[PDB]
Amino acid sequence: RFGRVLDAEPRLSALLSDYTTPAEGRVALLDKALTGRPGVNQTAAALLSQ
Amino acid sequence: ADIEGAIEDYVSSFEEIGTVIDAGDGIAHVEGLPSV
Amino acid sequence: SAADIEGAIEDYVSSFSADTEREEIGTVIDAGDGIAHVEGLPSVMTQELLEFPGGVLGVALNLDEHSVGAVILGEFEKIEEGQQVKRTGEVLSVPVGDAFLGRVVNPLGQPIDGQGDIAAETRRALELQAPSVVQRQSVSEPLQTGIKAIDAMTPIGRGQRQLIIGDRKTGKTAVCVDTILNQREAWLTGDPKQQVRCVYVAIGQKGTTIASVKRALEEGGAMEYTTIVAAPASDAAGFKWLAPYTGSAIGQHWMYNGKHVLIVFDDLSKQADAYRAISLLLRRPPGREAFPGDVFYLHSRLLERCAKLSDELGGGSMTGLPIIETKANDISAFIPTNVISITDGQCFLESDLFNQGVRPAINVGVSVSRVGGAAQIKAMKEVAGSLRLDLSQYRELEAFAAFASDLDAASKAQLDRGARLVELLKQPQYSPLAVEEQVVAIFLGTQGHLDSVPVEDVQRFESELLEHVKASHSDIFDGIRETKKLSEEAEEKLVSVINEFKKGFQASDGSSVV
Amino acid sequence: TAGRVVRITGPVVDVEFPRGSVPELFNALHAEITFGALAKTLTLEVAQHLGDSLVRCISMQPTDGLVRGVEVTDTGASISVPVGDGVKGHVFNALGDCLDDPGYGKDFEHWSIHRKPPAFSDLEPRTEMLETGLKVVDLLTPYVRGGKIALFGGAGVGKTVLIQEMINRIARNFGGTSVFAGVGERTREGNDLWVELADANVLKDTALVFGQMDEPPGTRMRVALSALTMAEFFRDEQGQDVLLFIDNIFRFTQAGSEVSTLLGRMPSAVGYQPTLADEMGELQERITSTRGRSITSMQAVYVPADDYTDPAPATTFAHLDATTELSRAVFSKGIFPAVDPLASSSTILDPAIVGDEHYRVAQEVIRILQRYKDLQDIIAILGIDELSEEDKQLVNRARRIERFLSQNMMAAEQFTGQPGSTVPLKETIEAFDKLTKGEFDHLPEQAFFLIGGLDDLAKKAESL
Ligand SMILES: Nc1ncnc2c1ncn2[C@@H]1O[C@H](COP(=O)(O)OP(=O)(O)OP(=O)(O)O)[C@@H](O)[C@H]1O
Ligand SMILES: [Mg+2]
Numbered sequence: 298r299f300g301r302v303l304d305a306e307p308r309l310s311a312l313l314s315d316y317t318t319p320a321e322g323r324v325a326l327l328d329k330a331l332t333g334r335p336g337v338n339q340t341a342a343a344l345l346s347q
Numbered sequence: 009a010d011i012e013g014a015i016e017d018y019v020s021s022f029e030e031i032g033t034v035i036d037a038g039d040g041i042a043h044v045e046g047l048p049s050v
Numbered sequence: 007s008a009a010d011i012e013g014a015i016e017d018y019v020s021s022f023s024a025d026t027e028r029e030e031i032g033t034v035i036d037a038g039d040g041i042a043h044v045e046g047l048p049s050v051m052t053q054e055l056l057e058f059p060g061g062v063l064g065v066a067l068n069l070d071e072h073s074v075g076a077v078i079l080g081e082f083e084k085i086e087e088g089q090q091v092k093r094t095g096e097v098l099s100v101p102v103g104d105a106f107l108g109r110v111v112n113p114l115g116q117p118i119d120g121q122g123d124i125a126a127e128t129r130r131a132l133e134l135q136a137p138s139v140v141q142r143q144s145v146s147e148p149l150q151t152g153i154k155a156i157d158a159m160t161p162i163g164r165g166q167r168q169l170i171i172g173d174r175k176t177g178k179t180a181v182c183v184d185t186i187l188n189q190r191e192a193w194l195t196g197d198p199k200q201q202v203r204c205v206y207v208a209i210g211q212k213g214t215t216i217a218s219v220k221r222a223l224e225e226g227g228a229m230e231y232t233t234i235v236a237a238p239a240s241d242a243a244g245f246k247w248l249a250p251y252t253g254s255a256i257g258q259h260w261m262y263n264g265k266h267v268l269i270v271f272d273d274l275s276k277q278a279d280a281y282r283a284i285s286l287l288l289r290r291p292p293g294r295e296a297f298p299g300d301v302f303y304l305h306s307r308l309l310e311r312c313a314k315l316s317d318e319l320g321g322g323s324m325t326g327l328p329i330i331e332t333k334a335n336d337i338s339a340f341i342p343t344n345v346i347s348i349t350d351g352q353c354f355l356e357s358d359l360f361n362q363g364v365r366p367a368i369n370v371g372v373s374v375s376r377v378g379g380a381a382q383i384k385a386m387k388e389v390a391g392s393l394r395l396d397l398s399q400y401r402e403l404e405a406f407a408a409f410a411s412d413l414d415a416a417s418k419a420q421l422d423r424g425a426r427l428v429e430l431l432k433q434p435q436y437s438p439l440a441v442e443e444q445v446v447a448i449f450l451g452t453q454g455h456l457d458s459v460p461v462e463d464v465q466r467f468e469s470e471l472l473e474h475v476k477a478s479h480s481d482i483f484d485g486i487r488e489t490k491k492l493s494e495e496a497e498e499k500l501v502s503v504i505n506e507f508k509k510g511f512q513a514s515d516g517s518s519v520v
Numbered sequence: 008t009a010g011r012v013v014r015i016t017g018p019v020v021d022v023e024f025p026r027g028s029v030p031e032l033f034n035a036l037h038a039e040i041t042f043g044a045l046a047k048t049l050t051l052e053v054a055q056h057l058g059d060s061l062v063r064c065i066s067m068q069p070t071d072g073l074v075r076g077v078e079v080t081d082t083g084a085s086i087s088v089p090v091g092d093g094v095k096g097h098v099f100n101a102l103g104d105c106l107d108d109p110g111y112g113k114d115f116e117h118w119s120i121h122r123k124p125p126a127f128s129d130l131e132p133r134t135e136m137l138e139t140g141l142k143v144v145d146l147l148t149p150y151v152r153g154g155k156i157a158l159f160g161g162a163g164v165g166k167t168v169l170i171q172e173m174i175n176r177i178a179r180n181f182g183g184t185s186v187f188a189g190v191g192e193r194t195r196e197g198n199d200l201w202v203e204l205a206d207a208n209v210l211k212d213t214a215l216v217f218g219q220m221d222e223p224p225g226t227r228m229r230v231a232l233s234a235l236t237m238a239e240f241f242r243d244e245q246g247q248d249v250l251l252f253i254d255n256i257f258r259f260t261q262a263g264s265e266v267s268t269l270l271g272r273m274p275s276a277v278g279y280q281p282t283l284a285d286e287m288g289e290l291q292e293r294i295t296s297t298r299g300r301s302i303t304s305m306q307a308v309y310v311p312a313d314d315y316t317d318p319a320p321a322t323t324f325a326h327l328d329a330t331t332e333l334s335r336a337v338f339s340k341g342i343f344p345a346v347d348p349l350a351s352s353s354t355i356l357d358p359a360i361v362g363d364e365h366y367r368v369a370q371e372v373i374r375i376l377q378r379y380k381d382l383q384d385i386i387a388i389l390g391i392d393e394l395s396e397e398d399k400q401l402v403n404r405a406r407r408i409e410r411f412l413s414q415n416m417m418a419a420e421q422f423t424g425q426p427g428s429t430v431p432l433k434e435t436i437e438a439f440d441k442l443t444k445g446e447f448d449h450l451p452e453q454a455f456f457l458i459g460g461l462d463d464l465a466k467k468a469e470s471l
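This is the structure we're talking about:
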């Protein structure tokens with residue numbers, strides 16, 4: 298589900314892709330966008346954050 | 009979707031000076047300067 | 007007209023069925039300048055025929071652990087990153103059959119002359135083995151080119167690989183078109199042991215030039231036994247690379263079926279250039295003149311299909327006439343050196359000789375045929391035996407043309423004989439001579455019957471004399487053709503008719519020749 | 008879903024696009040340079056797909072001032088140029104923007120510069136002679152109406168003068184439409200041609216497309232295609248006989264070579280691009296004439312290093328029906344139009360087309376000139392006095408023939424002061440038959456220099 302979500306809205310994919318920016322910022326962006334909601338499984342959320 | 013709003017919010021925190035990284039024989043490579 | 011306008015489509019709709027077969031897919035990751043890199047296709051094989059979405063075709067030519075670099079065969083601009091590439095499980099193959107006679111086909115066997123489809127008898131892979139040493143036979147049958155110079159000095163025997171090599175606008179395509187035209191008499195016999203089927207492979211020529219060659223063949227009646235494998239300059243580098251192999255495959259199908267084939271590559275220099283372009287675009291290491299390491303192999307692998315098969319394989323033969331353009335008459339360049347090494351002999355055409363009026367412009371002496379007399383009929387072998395030495399002596403004596411009074415009688419006679427032999431080897435374009443006429447013409451010169459004709463009239467004296475013999479004393483021609491030798495009674499008859507004609511011949515200077 | 012410039016290296020610009028919006032090859036992309044002194048809209052042409060959603064493009068305008076990260080928007084179609092009768096009488100650049108009247112054709116029908124050559128089924132050979140009035144051309148290198156003609160030459164041997172003279176001799180009376188593609192030539196001569204055409208009222212029937220050498224490699228590549236697109240429209244959509252002058256077609260291959268190494272291609276022999284033959288073949292094959300639709304194309308070809316063995320001229324030779332070949336050796340000897348009579352050739356010079364008399368005279372002239380070229384080595388050392396009497400007479404013949412092939416062309420009035428001359432083909436054949444046969448051996452050789460005709464020969468001989 299997260300893979301198909303990130304396939305759409307390639308701007309979000311590019312923002313997450315940039316590793317020049319600090320990793321914490323990308324993780325926070327992902328949490329606010331994808332994994333910060335109750336529907337995300339704990340293991341899947343941890344894998345996405347990593 | 010709410011992803012756009014989160015991206016915009018993150019963008020709020022996500029002179030212009032570069033630094034020479036390689037130099038010699040009349041050529042200098044400059045890191046930085048995104049707007050050169 | 008007919009109901010077929012619908013019926014054919016009906017036959018398609020009733021017969022069509024796109025079944026669901028498993029397929030391995032790659033994705034185009036790079037694409038540029040005629041080369042497309044395809045990620046995936048784990049089971050693709052080297053030189054496979056990949057099919058791209060827009061009906062485009064490519065040849066899997068570089069196989070790495072990352073990608074398959076494929077040369078695209080036309081319509082390259084329609085290839086994009088991310089496109090799906092399906093592998094056809096077939097290495098490069100072309101259709102072959104007797105239906106290709108009189109057709110112009112691109113290096114994939116598809117017609118481009120605008121006529122109907124071609125009914126292919128079979129398909130042949132372009133990279134099949136050439137006949138092995140044990141499968142061949144000695145070259146012993148002439149392939150009359152119709153050019154007195156070639157048939158007398160550097161004979162081409164079917165099964166041979168003769169290189170027409172020379173700078174631009176020197177008469178090469180003319181020589182090969184004349185050779186193709188000369189086979190009409192053999193074709194009209196209906197005997198497969200005599201018939202020669204022609205494949206004119208045009209590489210890198212402009213479309214109008216191929217059209218001109220096709221017109222020259224049609225007005226000469228040669229198109230009913232000739233196929234033109236055309237890779238015009240508009241076509242991708244892949245087609246220019248494949249065209250000789252396409253033509254060689256079409257010829258090989260006939261060759262293994264007992265027929266005799268005549269393959270003209272025009273030119274192989276452009277074949278080499280297309281291969282160089284493909285290799286450099288695939289980042290294969292370059293060598294001399296930037297050609298890849300295996301460019302020699304490219305030509306060798308080709309020219310060695312041209313062979314005469316043993317009687318166990320039907321006895322068919324394929325004759326190669328590669329054409330090479332030498333820049334500034336530099337036969338020491340890379341491709342000229344390679345193909346001179348590969349081929350069995352060389353007709354060297356020179357622009358200096360062309361401008362002197364020595365056209366068809368074969369530089370005799372430098373020009374050689376390693377098959378030699380084995381490729382000549384007995385009549386030409388005996389008549390043209392002294393011709394080479396006479397021409398060599400003439401070229402040695404040419405510096406003395408101004409002092410003929412001060413030379414020995416024998417030397418002056420040699421000079422006079424040589425000038426007339428040189429005039430004798432001249433020949434108008436698109437007018438090949440049957441072997442009997444060549445025998446009589448060379449008999450005129452070597453035996454000294456031209457020694458009385460003025461030099462400037464030799465060309466006419468020959469032309470009229472044959473025109474006389476054909477019309478009135480055809481027994482000589484019939485004897486030479488049916489028996490292959492110039493019999494003593496036929497020789498006496500020929501001498502008598504020559505002497506009778508001499509009396510009625512008006513030299514251009516007004517003098518009498520007797 | 009716009010792109011973004013990632014990598015700029017001279018004329019080559021790499022652009023990263025979103026995954027689903029990578030433009031097709033040869034598409035036109037628009038970047039913007041915002042620096043005031045060089046502000047412009049920069050047109051790039053997608054040349055390679057390089058993977059990772061990157062494409063590599065050849066810039067049409069100079070990239071000076073372009074900034075990494077600038078938005079690049081895809082036009083969705085290749086570079087398009089205006090077509091129609093409106094283009095006649097106006098000067099355009101490679102991009103189809105009118106120069107003498109900016110914004111003129113913006114509303115005309117627009118055709119892509121990229122299109123496949125006419126199918127082989129529609130090609131037939133052309134065998135109709137085009138009488139130019141130049142003795143050497145009409146005699147030894149007869150031009151083909153509807154065929155492909157070239158003026159090869161080194162650097163500064165008179166290609167531009169001769170092509171202008173051919174515009175003066177073929178187009179002035181031409182009933183159809185002319186197109187002149189200045190491909191990387193000198194801008195001064197382009198303006199000279201523009202004013203000359205304007206003064207002669209030929210401009211109304213001529214469309215000029217200029218991509219002169221001040222421009223970067225992209226324009227010097229695509230300007231020939233831009234002009235050939237107008238020529239093809241006139242050929243196909245209107246059926247008018249078309250003249251297509253190009254000067255200089257070598258600049259196309261040279262621009263391709265200039266961008267070759269920046270596109271990642273390994274250089275071929277003499278530093279040319281590996282795709283020399285295919286790239287030039289596409290363009291040359293688009294120039295052919297199809298049955299019932301004629302393009303009489305004349306292409307000035309530049310020979311680098313005066314070396315006719317160079318890959319570019321050598322590959323171009325296969326694409327031409329008539330090939331006049333100017334040489335610096337002849338130019339040094341004062342002969343203008345500077346044609347090498349021996350190296351030049353024409354496919355229509357057969358007895359079946361030009362006639363037996365013309366063919367015989369041309370072949371005798373070539374024979375005499377070749378013998379003279381062979382003797383020049385002897386004469387320079389052993390002296391003329393040591394030649395045979397026949398060879399001495401032939402040398403005297405050949406000098407006069409070489410000087411008689413010289414002609415005072417109209418476009419070369421400012422090279423010689425005297426006005427131009429036109430020699431009918433019949434008079435050329437008669438004069439050269441007389442020369443080669445001897446009727447003029449008594450006249451001084453300087454009488455044959457820059458005269459153009461038998462009457463002029465007599466007048467100059469009397470003046471001597
Ligand atoms: N034997 C000949 N007699 C007279 N003219 C000839 C003869 N052979 C060739 N020519 C003429 O010489 C010119 C060159 O002929 P051809 O087209 O065969 O040359 P080529 O060596 O194949 O060169 P290209 O590289 O242009 O294909 C043509 O005008 C042809 O008519
Ligand atoms: Mg040829």
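Chains as they are written, first to last, in the deposited numbering: chain d, 298 to 347; chain C, 9 to 22, 29 to 50; chain A, 7 to 520; chain F, 8 to 471. C-beta atoms are modelled at their ideal positions from N, C-alpha and C, and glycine is treated no differently.
Nearest chain C C-beta to residue i closer than 8 Å, yes or no?
i, result
"F:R11", "no"
"F:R14", "no"
Nearest by alpha-carbon distance to residue i: which of the options is it?
i, options, result
"F:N255", "F:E332, F:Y309, F:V98, F:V402", "F:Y309"
"A:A105", "A:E87, A:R129, A:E404", "A:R129"
"F:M237", "F:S334, F:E31, F:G103", "F:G103"
"C:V19", "d:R298, d:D304, d:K329, d:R301", "d:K329"
"A:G371", "A:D396, A:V377, A:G363", "A:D396"
Hey, could you find the ends of the beta strand (DSSP E) residue i is sitting in?
i, result
"F:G189", "184-190"
Under 8 Å by Cβ, that's how I've got residue i and residue j pegged, so tell me the actual separation to the nearest angstrom.
i, j, result
"A:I269", "A:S254", "6 Å"
"A:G391", "A:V374", "Not quite, the Cβ-Cβ distance comes to about 16 Å (not below 8 Å), so this is no contact."
Can you find a C-beta in chain d that's less than 8 Å from the C-beta of residue i?
i, result
"C:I31", "no"
"F:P30", "no"
"F:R26", "yes"
Just verifying my parser: in three-state terms, what is the DSSP assignment at residue i?
i, result
"F:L141", "coil"
"A:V428", "helix"
"A:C182", "helix"
"d:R298", "coil"
"A:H72", "coil"
Would you verify that the beta carbon of residue i is, or is not, closer than 8 Å to some beta carbon of chain A?
i, result
"F:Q400", "no"
With residue i as the anchor, note down where its alpha helix (DSSP H) starts and where it stops.
i, result
"A:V205", "Note, A:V205: premise wrong, no alpha helix (DSSP H); beta strand (DSSP E) at 202-209."
"F:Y379", "363-389"
"A:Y18", "10-21"
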